>>> print(open('protein_1.cif').read())   # mmCIF, C-alpha atoms
data_target
loop_
_atom_site.label_atom_id
_atom_site.label_comp_id
_atom_site.auth_asym_id
_atom_site.auth_seq_id
_atom_site.Cartn_x
_atom_site.Cartn_y
_atom_site.Cartn_z
CA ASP W 12 0.00 0.00 0.00
CA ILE W 13 1.15 3.54 -0.82
CA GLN W 14 0.78 6.16 1.95
CA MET W 15 0.16 9.87 1.31
CA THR W 16 1.09 12.50 3.84
CA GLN W 17 0.34 16.21 3.57
CA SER W 18 1.65 19.32 5.23
CA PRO W 19 0.48 21.23 6.86
CA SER W 20 -2.58 19.35 8.11
CA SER W 21 -4.48 22.63 8.60
CA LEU W 22 -4.07 26.31 8.06
CA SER W 23 -5.91 29.66 8.16
CA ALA W 24 -5.15 32.38 5.66
CA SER W 25 -6.88 35.47 4.33
CA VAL W 26 -8.70 36.25 1.15
CA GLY W 27 -6.02 37.02 -1.46
CA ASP W 28 -3.29 34.94 0.16
CA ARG W 29 -1.29 32.43 -1.82
CA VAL W 30 -1.66 28.97 -0.22
CA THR W 31 0.48 25.91 -0.94
CA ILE W 32 -0.09 22.48 0.46
CA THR W 33 2.52 19.79 -0.05
CA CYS W 34 2.05 16.14 -0.41
CA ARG W 35 4.38 13.20 -0.21
CA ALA W 36 3.89 9.61 -1.44
CA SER W 37 5.68 6.70 0.24
CA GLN W 38 6.80 5.47 -3.24
CA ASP W 39 7.25 6.92 -6.69
CA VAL W 40 3.78 7.44 -8.19
CA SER W 41 4.90 9.12 -11.40
CA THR W 42 2.42 11.90 -12.14
CA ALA W 43 -0.68 9.84 -11.33
CA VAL W 44 -1.88 12.07 -8.52
CA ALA W 45 -5.26 13.79 -8.04
CA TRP W 46 -6.33 16.58 -5.69
CA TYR W 47 -9.83 16.79 -4.12
CA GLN W 48 -11.75 19.51 -2.27
CA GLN W 49 -14.18 18.55 0.41
CA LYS W 50 -16.58 21.12 1.85
CA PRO W 51 -17.86 20.49 5.32
CA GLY W 52 -20.76 18.06 5.15
CA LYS W 53 -19.98 17.26 1.53
CA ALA W 54 -18.43 14.60 -0.66
CA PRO W 55 -14.95 15.39 -2.08
CA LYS W 56 -14.76 16.80 -5.57
CA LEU W 57 -12.03 16.41 -8.11
CA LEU W 58 -9.90 19.58 -8.67
CA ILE W 59 -6.75 18.30 -10.33
CA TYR W 60 -5.89 15.07 -12.13
CA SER W 61 -2.60 13.73 -13.47
CA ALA W 62 -0.82 16.10 -11.07
CA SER W 63 -1.10 19.33 -13.09
CA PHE W 64 -4.44 19.03 -14.91
CA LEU W 65 -7.50 21.10 -14.01
CA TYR W 66 -10.65 19.11 -13.90
CA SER W 67 -13.24 20.87 -15.98
CA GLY W 68 -15.12 23.59 -14.13
CA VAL W 69 -12.39 24.19 -11.61
CA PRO W 70 -11.10 27.76 -11.43
CA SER W 71 -7.59 28.54 -12.68
CA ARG W 72 -6.46 29.88 -9.34
CA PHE W 73 -6.05 26.21 -8.49
CA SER W 74 -2.88 24.62 -9.80
CA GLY W 75 -0.82 21.45 -9.18
CA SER W 76 2.75 20.21 -9.75
CA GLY W 77 5.17 17.41 -8.93
CA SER W 78 6.11 13.87 -9.98
CA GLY W 79 7.69 10.90 -8.23
CA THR W 80 7.08 11.29 -4.51
CA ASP W 81 6.68 15.02 -4.15
CA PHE W 82 3.55 17.00 -5.05
CA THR W 83 2.06 20.35 -4.23
CA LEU W 84 -1.28 22.11 -4.54
CA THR W 85 -1.19 25.90 -4.98
CA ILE W 86 -4.15 28.25 -4.61
CA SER W 87 -2.76 31.47 -6.12
CA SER W 88 -5.33 33.81 -4.55
CA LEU W 89 -7.50 32.40 -1.79
CA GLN W 90 -11.25 33.06 -2.11
CA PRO W 91 -14.00 32.99 0.59
CA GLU W 92 -15.48 29.86 -1.00
CA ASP W 93 -12.11 28.00 -0.89
CA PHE W 94 -12.45 26.85 2.70
CA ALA W 95 -12.53 23.04 2.69
CA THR W 96 -10.34 20.06 3.43
CA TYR W 97 -7.97 19.21 0.54
CA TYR W 98 -6.73 15.73 -0.19
CA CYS W 99 -3.79 14.51 -2.22
CA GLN W 100 -4.35 10.94 -3.48
CA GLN W 101 -2.21 8.68 -5.69
CA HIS W 102 -3.93 6.67 -8.39
CA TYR W 103 -0.88 4.93 -9.67
CA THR W 104 -1.81 1.69 -7.92
CA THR W 105 -4.92 0.32 -6.39
CA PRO W 106 -6.37 0.33 -3.78
CA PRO W 107 -6.35 4.02 -2.81
CA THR W 108 -5.54 4.69 0.79
CA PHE W 109 -6.83 8.00 2.02
CA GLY W 110 -5.66 10.05 4.99
CA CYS W 111 -6.48 13.27 6.76
CA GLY W 112 -5.90 15.90 4.09
CA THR W 113 -5.35 19.57 4.80
CA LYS W 114 -8.02 21.70 6.43
CA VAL W 115 -8.04 25.23 4.99
CA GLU W 116 -9.95 27.97 6.83
CA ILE W 117 -10.40 31.63 5.99
CA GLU W 135 -25.82 14.20 -16.46
CA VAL W 136 -23.72 11.76 -14.40
CA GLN W 137 -24.23 11.05 -10.68
CA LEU W 138 -24.03 8.56 -7.87
CA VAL W 139 -26.81 8.72 -5.29
CA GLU W 140 -26.40 6.88 -1.99
CA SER W 141 -29.11 5.71 0.41
CA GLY W 142 -29.86 3.13 3.06
CA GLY W 143 -27.95 4.76 5.89
CA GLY W 144 -29.44 4.63 9.40
CA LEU W 145 -29.20 3.71 13.08
CA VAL W 146 -28.43 0.14 13.99
CA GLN W 147 -26.99 -1.73 16.93
CA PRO W 148 -23.67 -3.52 17.43
CA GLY W 149 -23.84 -7.04 15.93
CA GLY W 150 -26.55 -5.84 13.58
CA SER W 151 -26.39 -5.45 9.87
CA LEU W 152 -27.26 -2.92 7.18
CA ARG W 153 -27.20 -2.41 3.44
CA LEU W 154 -26.06 0.80 1.63
CA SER W 155 -26.96 1.66 -1.97
CA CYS W 156 -24.99 3.55 -4.63
CA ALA W 157 -27.33 4.18 -7.57
CA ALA W 158 -25.78 5.40 -10.82
CA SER W 159 -27.18 7.81 -13.44
CA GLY W 160 -26.02 8.82 -16.88
CA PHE W 161 -23.48 6.00 -17.11
CA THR W 162 -23.23 2.23 -16.77
CA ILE W 163 -21.94 1.22 -13.35
CA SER W 164 -20.31 -1.98 -14.47
CA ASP W 165 -17.92 0.00 -16.73
CA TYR W 166 -16.10 1.24 -13.56
CA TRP W 167 -14.52 0.37 -10.34
CA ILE W 168 -16.83 1.36 -7.52
CA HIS W 169 -15.25 2.20 -4.18
CA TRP W 170 -16.74 2.75 -0.77
CA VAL W 171 -14.86 5.34 1.28
CA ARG W 172 -15.90 6.33 4.77
CA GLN W 173 -15.43 9.17 7.30
CA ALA W 174 -15.96 8.77 11.01
CA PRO W 175 -17.11 11.94 12.82
CA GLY W 176 -14.08 14.25 13.27
CA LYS W 177 -12.05 11.53 11.66
CA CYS W 178 -10.21 11.07 8.40
CA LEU W 179 -11.12 9.48 5.06
CA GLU W 180 -10.87 5.68 5.06
CA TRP W 181 -11.06 3.39 1.99
CA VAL W 182 -13.35 0.45 2.77
CA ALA W 183 -13.97 -1.71 -0.37
CA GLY W 184 -13.80 -1.86 -4.15
CA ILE W 185 -15.28 -3.92 -6.97
CA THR W 186 -13.75 -3.94 -10.46
CA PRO W 187 -15.67 -3.30 -13.68
CA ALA W 188 -17.83 -6.25 -14.74
CA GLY W 189 -17.59 -7.49 -11.16
CA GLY W 190 -14.36 -9.34 -11.89
CA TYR W 191 -12.86 -8.81 -8.44
CA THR W 192 -13.54 -7.32 -5.01
CA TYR W 193 -11.15 -5.81 -2.38
CA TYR W 194 -11.66 -4.97 1.28
CA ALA W 195 -9.75 -2.92 3.94
CA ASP W 196 -8.55 -5.15 6.75
CA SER W 197 -10.94 -3.35 9.02
CA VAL W 198 -14.05 -4.74 7.30
CA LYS W 199 -12.76 -7.86 5.57
CA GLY W 200 -14.93 -10.89 6.31
CA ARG W 201 -17.77 -8.67 7.60
CA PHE W 202 -18.81 -6.46 4.61
CA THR W 203 -19.61 -7.42 1.01
CA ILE W 204 -19.40 -5.11 -1.94
CA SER W 205 -21.62 -5.88 -4.88
CA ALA W 206 -23.89 -4.54 -7.56
CA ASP W 207 -27.12 -5.26 -9.38
CA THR W 208 -26.69 -4.35 -13.00
CA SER W 209 -30.38 -4.44 -13.86
CA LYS W 210 -30.71 -1.63 -11.30
CA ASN W 211 -27.46 0.07 -12.26
CA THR W 212 -26.74 0.22 -8.51
CA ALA W 213 -23.82 -0.86 -6.30
CA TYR W 214 -24.08 -2.01 -2.66
CA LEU W 215 -22.19 -2.39 0.52
CA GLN W 216 -23.75 -5.03 2.67
CA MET W 217 -22.45 -4.57 6.21
CA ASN W 218 -22.68 -7.45 8.74
CA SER W 219 -21.53 -7.72 12.40
CA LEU W 220 -21.54 -3.91 12.74
CA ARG W 221 -19.27 -2.30 15.34
CA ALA W 222 -19.25 1.19 16.84
CA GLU W 223 -16.04 1.92 14.79
CA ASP W 224 -18.29 1.46 11.74
CA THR W 225 -20.20 4.64 12.50
CA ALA W 226 -19.47 7.12 9.74
CA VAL W 227 -20.63 8.85 6.62
CA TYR W 228 -20.23 6.44 3.70
CA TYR W 229 -19.38 7.62 0.18
CA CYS W 230 -19.10 5.72 -3.01
CA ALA W 231 -17.15 6.82 -6.08
CA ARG W 232 -16.22 5.56 -9.44
CA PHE W 233 -12.75 5.04 -10.87
CA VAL W 234 -10.89 3.54 -13.84
CA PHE W 235 -7.28 3.81 -15.02
CA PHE W 236 -8.55 5.51 -18.17
CA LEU W 237 -8.33 9.32 -18.14
CA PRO W 238 -8.58 11.08 -15.96
CA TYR W 239 -7.84 8.11 -13.67
CA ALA W 240 -9.21 10.04 -10.73
CA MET W 241 -12.34 9.47 -8.59
CA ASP W 242 -14.22 11.92 -10.74
CA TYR W 243 -17.74 11.26 -9.39
CA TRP W 244 -18.76 10.72 -5.75
CA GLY W 245 -22.18 10.23 -4.20
CA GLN W 246 -23.36 12.69 -1.54
CA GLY W 247 -22.83 10.20 1.31
CA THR W 248 -25.08 8.39 3.78
CA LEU W 249 -24.71 8.27 7.54
CA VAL W 250 -24.36 5.01 9.40
CA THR W 251 -24.71 5.23 13.18
CA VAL W 252 -23.84 2.16 15.25
CA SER W 253 -25.28 2.75 18.71
#
>>> encode(input="protein_1.cif", output="structure tokens")
Amino acid sequence: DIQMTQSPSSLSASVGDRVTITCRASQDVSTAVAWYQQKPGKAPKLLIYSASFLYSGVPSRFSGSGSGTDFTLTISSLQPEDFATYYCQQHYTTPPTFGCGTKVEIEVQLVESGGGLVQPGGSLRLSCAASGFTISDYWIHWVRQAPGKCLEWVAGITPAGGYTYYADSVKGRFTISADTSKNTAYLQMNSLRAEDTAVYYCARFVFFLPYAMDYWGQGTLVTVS
């Protein structure tokens, strides 16, 4: 597994400041790095792909650079709407392994559902419905965020359902799947633990361009109490 670390882990600046956030990968990842922006209470959105490429719709004050192990995100002139947590993530190998990102202070979709309250030992099933594309053409990943905690990759299924992958923390307890007639992916969660409490996101990925998690669902909250 390749680890990403950022610095700093948070910062406050003023409107108009130049902000740079650096990122390091534990191994050479070439230029296969993406940056994401995550508003509070929102799913991450793709800003930059392939290290220096602006995802469409992203303002040109955002720029990226680097290759090998060292990467940086620069916001040339910080705007009021730029406050968010920013994540550097390598997509050179799979599975992705997210961390804490950098907290900055001043059609196609996935829709999730099925979140709720359940008790330890219980079980629950999340849904990741797709629109405007065929779900089996992509990897689908489930990534979660505990309250006041960081991003954690949970599970992935390959296109055509060829293979599945699980984080050690859920292996043997969760199943990732899909139903193609419903164009919808699932995470079936058994033997739930309090640790499992979090907002769950799903997102699509392939190694084709831009080879970044370009679409995420809005997230669904799972409370284990």
>>> resolve_selection(input="protein_1.cif", expression="the PyMOL selection byres ((chain W and resi 35) around 7)", output="list in words")
residues 15, 16, 17, 33, 34, 36, 37, 80, 81 and 82 of chain W
>>> residues_around(input="protein_1.cif", residues="residue 196 in chain W", least_positions_apart="4", cutoff="12 Å", atoms="all atoms listed in the file", output="JSON, numbers by chain")
{"W": [108, 180, 181, 182, 183, 200, 201, 202]}
>>> write_last_selection(input="protein_1.cif", atoms="C-alpha atoms", output="PDB file, in the frame of the given file")
ATOM      1  CA  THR W 108      -5.540   4.690   0.790  1.00  0.00           C
ATOM      2  CA  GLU W 180     -10.870   5.680   5.060  1.00  0.00           C
ATOM      3  CA  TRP W 181     -11.060   3.390   1.990  1.00  0.00           C
ATOM      4  CA  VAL W 182     -13.350   0.450   2.770  1.00  0.00           C
ATOM      5  CA  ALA W 183     -13.970  -1.710  -0.370  1.00  0.00           C
ATOM      6  CA  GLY W 200     -14.930 -10.890   6.310  1.00  0.00           C
ATOM      7  CA  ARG W 201     -17.770  -8.670   7.600  1.00  0.00           C
ATOM      8  CA  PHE W 202     -18.810  -6.460   4.610  1.00  0.00           C
TER       9      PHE W 202
END
>>> resolve_selection(input="protein_1.cif", expression="the PyMOL selection byres ((chain W and resi 152) around 8)", output="JSON, numbers by chain")
{"W": [142, 143, 146, 150, 151, 153, 154, 216, 217, 218]}
>>> closest_residue(input="protein_1.cif", among="W:59, W:64, W:114, W:94", to="residue 22 in chain W", atoms="all atoms listed in the file")
W:114
>>> residues_near_point(input="protein_1.cif", point="(-8.8, 0.9, 1.8)", cutoff="10 Å", atoms="only C-alpha atoms", output="count of residues only")
22
>>> atom_distance(input="protein_1.cif", atom1="CA of residue 44 in chain W", atom2="CA of residue 234 in chain W")
13.5 Å
>>> residues_around(input="protein_1.cif", residues="residue 149 in chain W", least_positions_apart="2", cutoff="7 Å", atoms="only C-alpha atoms", output="list in words")
residues 147, 151, 219, 220 and 221 of chain W
>>> residues_around(input="protein_1.cif", residues="residue 25 in chain W", least_positions_apart="3", cutoff="8 Å", atoms="all atoms listed in the file", output="mmCIF file with C-alpha atoms, in the coordinates of the input")
data_model
loop_
_atom_site.group_PDB
_atom_site.id
_atom_site.type_symbol
_atom_site.label_atom_id
_atom_site.label_comp_id
_atom_site.auth_asym_id
_atom_site.auth_seq_id
_atom_site.Cartn_x
_atom_site.Cartn_y
_atom_site.Cartn_z
ATOM 1 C CA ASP W 28 -3.290 34.940 0.160
ATOM 2 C CA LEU W 89 -7.500 32.400 -1.790
ATOM 3 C CA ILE W 117 -10.400 31.630 5.990
#
>>> closest_residue(input="protein_1.cif", among="W:101, W:212, W:41, W:61", to="residue 140 in chain W", atoms="all atoms listed in the file")
W:212
>>> closest_residue(input="protein_1.cif", among="W:30, W:252, W:156, W:86", to="residue 139 in chain W", atoms="only C-alpha atoms")
W:156
>>> residues_around(input="protein_1.cif", residues="residue 43 in chain W", least_positions_apart="6", cutoff="10 Å", atoms="only C-alpha atoms", output="short mmCIF file (atom, residue, chain, number, x, y, z; two decimals) with C-alpha atoms, in the coordinates of the input")
data_model
loop_
_atom_site.label_atom_id
_atom_site.label_comp_id
_atom_site.auth_asym_id
_atom_site.auth_seq_id
_atom_site.Cartn_x
_atom_site.Cartn_y
_atom_site.Cartn_z
CA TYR W 60 -5.89 15.07 -12.13
CA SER W 61 -2.60 13.73 -13.47
CA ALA W 62 -0.82 16.10 -11.07
CA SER W 63 -1.10 19.33 -13.09
CA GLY W 77 5.17 17.41 -8.93
CA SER W 78 6.11 13.87 -9.98
CA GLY W 79 7.69 10.90 -8.23
CA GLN W 100 -4.35 10.94 -3.48
CA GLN W 101 -2.21 8.68 -5.69
CA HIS W 102 -3.93 6.67 -8.39
CA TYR W 103 -0.88 4.93 -9.67
CA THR W 104 -1.81 1.69 -7.92
CA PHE W 235 -7.28 3.81 -15.02
CA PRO W 238 -8.58 11.08 -15.96
CA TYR W 239 -7.84 8.11 -13.67
CA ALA W 240 -9.21 10.04 -10.73
#
>>> resolve_selection(input="protein_1.cif", expression="the PyMOL selection byres ((chain W and resi 31) around 6)", output="CSV table (one decimal) with C-alpha atoms, keeping the file's coordinate frame")
chain,number,residue,atom,x,y,z
W,30,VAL,CA,-1.7,29.0,-0.2
W,32,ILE,CA,-0.1,22.5,0.5
W,84,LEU,CA,-1.3,22.1,-4.5
W,85,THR,CA,-1.2,25.9,-5.0
>>> atom_distance(input="protein_1.cif", atom1="CA of residue 20 in chain W", atom2="CA of residue 251 in chain W")
26.7 Å
>>> residues_around(input="protein_1.cif", residues="residue 206 in chain W", least_positions_apart="6", cutoff="10 Å", atoms="all atoms listed in the file", output="count of residues only")
13
>>> atom_distance(input="protein_1.cif", atom1="CA of residue 165 in chain W", atom2="CA of residue 209 in chain W")
13.5 Å
>>> closest_residue(input="protein_1.cif", among="W:112, W:203, W:66, W:247", to="residue 228 in chain W", atoms="all atoms listed in the file")
W:247
>>> closest_residue(input="protein_1.cif", among="W:87, W:253, W:173, W:211", to="residue 159 in chain W", atoms="all atoms listed in the file")
W:211
>>> closest_residue(input="protein_1.cif", among="W:26, W:249, W:51, W:40", to="residue 88 in chain W", atoms="all atoms listed in the file")
W:26
>>> build_atoms(input="protein_1.cif", residues="range 79-102 of chain W", atoms="N, CA, C and O atoms", output="PDB file, in the frame of the given file")
ATOM      1  N   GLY W  79       6.950  11.751  -9.145  1.00  0.00           N
ATOM      2  CA  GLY W  79       7.690  10.900  -8.230  1.00  0.00           C
ATOM      3  C   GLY W  79       7.010  10.862  -6.875  1.00  0.00           C
ATOM      4  O   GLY W  79       5.922  10.248  -6.727  1.00  0.00           O
ATOM      5  N   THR W  80       7.634  11.466  -5.867  1.00  0.00           N
ATOM      6  CA  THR W  80       7.080  11.290  -4.510  1.00  0.00           C
ATOM      7  C   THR W  80       6.571  12.605  -4.004  1.00  0.00           C
ATOM      8  O   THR W  80       5.850  12.648  -3.010  1.00  0.00           O
ATOM      9  N   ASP W  81       6.966  13.683  -4.681  1.00  0.00           N
ATOM     10  CA  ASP W  81       6.680  15.020  -4.150  1.00  0.00           C
ATOM     11  C   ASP W  81       5.678  15.843  -4.980  1.00  0.00           C
ATOM     12  O   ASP W  81       5.849  16.023  -6.193  1.00  0.00           O
ATOM     13  N   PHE W  82       4.609  16.304  -4.331  1.00  0.00           N
ATOM     14  CA  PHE W  82       3.550  17.000  -5.050  1.00  0.00           C
ATOM     15  C   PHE W  82       3.129  18.206  -4.234  1.00  0.00           C
ATOM     16  O   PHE W  82       3.243  18.212  -3.000  1.00  0.00           O
ATOM     17  N   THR W  83       2.610  19.218  -4.920  1.00  0.00           N
ATOM     18  CA  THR W  83       2.060  20.350  -4.230  1.00  0.00           C
ATOM     19  C   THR W  83       0.803  20.885  -4.911  1.00  0.00           C
ATOM     20  O   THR W  83       0.676  20.820  -6.132  1.00  0.00           O
ATOM     21  N   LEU W  84      -0.105  21.404  -4.093  1.00  0.00           N
ATOM     22  CA  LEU W  84      -1.280  22.110  -4.540  1.00  0.00           C
ATOM     23  C   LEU W  84      -1.059  23.578  -4.213  1.00  0.00           C
ATOM     24  O   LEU W  84      -0.696  23.916  -3.062  1.00  0.00           O
ATOM     25  N   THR W  85      -1.260  24.449  -5.208  1.00  0.00           N
ATOM     26  CA  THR W  85      -1.190  25.900  -4.980  1.00  0.00           C
ATOM     27  C   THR W  85      -2.509  26.573  -5.309  1.00  0.00           C
ATOM     28  O   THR W  85      -3.083  26.359  -6.394  1.00  0.00           O
ATOM     29  N   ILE W  86      -3.018  27.345  -4.356  1.00  0.00           N
ATOM     30  CA  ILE W  86      -4.150  28.250  -4.610  1.00  0.00           C
ATOM     31  C   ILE W  86      -3.572  29.675  -4.705  1.00  0.00           C
ATOM     32  O   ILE W  86      -3.134  30.248  -3.699  1.00  0.00           O
ATOM     33  N   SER W  87      -3.515  30.236  -5.917  1.00  0.00           N
ATOM     34  CA  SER W  87      -2.760  31.470  -6.120  1.00  0.00           C
ATOM     35  C   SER W  87      -3.352  32.612  -5.286  1.00  0.00           C
ATOM     36  O   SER W  87      -2.594  33.398  -4.691  1.00  0.00           O
ATOM     37  N   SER W  88      -4.688  32.704  -5.254  1.00  0.00           N
ATOM     38  CA  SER W  88      -5.330  33.810  -4.550  1.00  0.00           C
ATOM     39  C   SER W  88      -6.600  33.363  -3.835  1.00  0.00           C
ATOM     40  O   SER W  88      -7.675  33.285  -4.439  1.00  0.00           O
ATOM     41  N   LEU W  89      -6.465  33.078  -2.545  1.00  0.00           N
ATOM     42  CA  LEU W  89      -7.500  32.400  -1.790  1.00  0.00           C
ATOM     43  C   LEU W  89      -8.803  33.202  -1.783  1.00  0.00           C
ATOM     44  O   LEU W  89      -8.812  34.422  -1.495  1.00  0.00           O
ATOM     45  N   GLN W  90      -9.900  32.498  -2.084  1.00  0.00           N
ATOM     46  CA  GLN W  90     -11.250  33.060  -2.110  1.00  0.00           C
ATOM     47  C   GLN W  90     -12.082  32.553  -0.914  1.00  0.00           C
ATOM     48  O   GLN W  90     -11.823  31.455  -0.332  1.00  0.00           O
ATOM     49  N   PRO W  91     -13.114  33.335  -0.536  1.00  0.00           N
ATOM     50  CA  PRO W  91     -14.000  32.990   0.590  1.00  0.00           C
ATOM     51  C   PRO W  91     -14.519  31.582   0.441  1.00  0.00           C
ATOM     52  O   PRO W  91     -14.611  30.838   1.443  1.00  0.00           O
ATOM     53  N   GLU W  92     -14.858  31.191  -0.788  1.00  0.00           N
ATOM     54  CA  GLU W  92     -15.480  29.860  -1.000  1.00  0.00           C
ATOM     55  C   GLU W  92     -14.424  28.717  -0.989  1.00  0.00           C
ATOM     56  O   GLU W  92     -14.768  27.550  -1.050  1.00  0.00           O
ATOM     57  N   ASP W  93     -13.147  29.055  -0.865  1.00  0.00           N
ATOM     58  CA  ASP W  93     -12.110  28.000  -0.890  1.00  0.00           C
ATOM     59  C   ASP W  93     -11.978  27.204   0.433  1.00  0.00           C
ATOM     60  O   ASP W  93     -11.246  26.209   0.503  1.00  0.00           O
ATOM     61  N   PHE W  94     -12.660  27.616   1.493  1.00  0.00           N
ATOM     62  CA  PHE W  94     -12.450  26.850   2.700  1.00  0.00           C
ATOM     63  C   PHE W  94     -13.026  25.432   2.525  1.00  0.00           C
ATOM     64  O   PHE W  94     -14.166  25.252   2.080  1.00  0.00           O
ATOM     65  N   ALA W  95     -12.225  24.449   2.913  1.00  0.00           N
ATOM     66  CA  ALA W  95     -12.530  23.040   2.690  1.00  0.00           C
ATOM     67  C   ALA W  95     -11.374  22.195   3.186  1.00  0.00           C
ATOM     68  O   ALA W  95     -10.328  22.717   3.552  1.00  0.00           O
ATOM     69  N   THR W  96     -11.508  20.889   3.147  1.00  0.00           N
ATOM     70  CA  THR W  96     -10.340  20.060   3.430  1.00  0.00           C
ATOM     71  C   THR W  96      -9.821  19.564   2.074  1.00  0.00           C
ATOM     72  O   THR W  96     -10.619  19.197   1.219  1.00  0.00           O
ATOM     73  N   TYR W  97      -8.514  19.565   1.848  1.00  0.00           N
ATOM     74  CA  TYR W  97      -7.970  19.210   0.540  1.00  0.00           C
ATOM     75  C   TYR W  97      -7.169  17.938   0.664  1.00  0.00           C
ATOM     76  O   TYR W  97      -6.312  17.826   1.556  1.00  0.00           O
ATOM     77  N   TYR W  98      -7.424  16.973  -0.237  1.00  0.00           N
ATOM     78  CA  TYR W  98      -6.730  15.730  -0.190  1.00  0.00           C
ATOM     79  C   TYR W  98      -5.886  15.469  -1.453  1.00  0.00           C
ATOM     80  O   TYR W  98      -6.338  15.626  -2.599  1.00  0.00           O
ATOM     81  N   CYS W  99      -4.679  14.989  -1.217  1.00  0.00           N
ATOM     82  CA  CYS W  99      -3.790  14.510  -2.220  1.00  0.00           C
ATOM     83  C   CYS W  99      -3.941  12.996  -2.271  1.00  0.00           C
ATOM     84  O   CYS W  99      -3.787  12.331  -1.246  1.00  0.00           O
ATOM     85  N   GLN W 100      -4.202  12.408  -3.439  1.00  0.00           N
ATOM     86  CA  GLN W 100      -4.350  10.940  -3.480  1.00  0.00           C
ATOM     87  C   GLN W 100      -3.696  10.352  -4.713  1.00  0.00           C
ATOM     88  O   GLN W 100      -3.933  10.856  -5.829  1.00  0.00           O
ATOM     89  N   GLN W 101      -2.862   9.321  -4.523  1.00  0.00           N
ATOM     90  CA  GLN W 101      -2.210   8.680  -5.690  1.00  0.00           C
ATOM     91  C   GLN W 101      -3.162   7.690  -6.346  1.00  0.00           C
ATOM     92  O   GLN W 101      -3.945   7.048  -5.655  1.00  0.00           O
ATOM     93  N   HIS W 102      -3.107   7.608  -7.666  1.00  0.00           N
ATOM     94  CA  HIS W 102      -3.930   6.670  -8.390  1.00  0.00           C
ATOM     95  C   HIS W 102      -3.028   5.943  -9.331  1.00  0.00           C
ATOM     96  O   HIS W 102      -3.387   5.675 -10.454  1.00  0.00           O
TER      97      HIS W 102
END
